[PDB]
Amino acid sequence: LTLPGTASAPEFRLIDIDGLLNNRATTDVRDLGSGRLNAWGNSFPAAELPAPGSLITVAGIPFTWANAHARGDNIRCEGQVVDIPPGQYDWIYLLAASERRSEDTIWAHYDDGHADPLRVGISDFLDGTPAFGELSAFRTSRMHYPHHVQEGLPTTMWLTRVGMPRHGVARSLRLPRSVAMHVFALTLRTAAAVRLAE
């Protein structure tokens, strides 16, 4: 039996992660040697990615591009606690890549002391295949090496979503404790009552 649901008006909350940037995953041609996306000193080409501070959409989902410094353009995951505006949420959206595909835990912390472990999968930066049914965020034509630009080698970033099933007020998230995982942007989607259409 199939019944129609209602259209909804959920809110996007674009999380400012500029204070948590701890890693260089992106370089220009002048600072190829600063690349630390992986152990080999590879990086995304800055010339194929959005401008720092800019508003973008990926598959309709809005993100703010990080205001990078010389020592940070993304969060390399080390169990950072990210404060979010208090509220009831449906989804976490991340722009992310992993040094080989991997899966780990985002902890959602609620105001009653309940912490929910939420499964997150992040696919490879190195011309990756989505392993977790993520959407493609960026697929560059080139990759940066410490000493050169590499033509015809895509660097892949993913749009991954994580459900927040608990009916409760979330106050913070803990990112995975995994050096392999990189978060470029974080957008929360608020709960929006969807019901049988009247």
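Heads up: residue numbers just count along the shown sequence, starting at 1.
Look at the mean CA B-factor for 5-13 and for 18-26 in the entry; the higher one is 5-13. The stretch with the higher mean CA B factor, choosing between 68-76 and 115-123, is 68-76. Comparing C-alpha B-factors across 46, 157, 162, 59 in the deposited entry, the largest value falls on 59. Among all modelled residues in its chain, residue 38 ranks in the lowest third by Cα B-factor. Among all modelled residues in this chain, the alpha-carbon of residue 90 has a temperature factor (C-alpha) in the middle third. In this PDB entry, the Cα temperature factor of residue 167 sits in the middle third of its chain's modelled residues. Per the deposited record, the Cα B-factor of residue 81 falls in the middle third when ranked against the other modelled residues of its chain.
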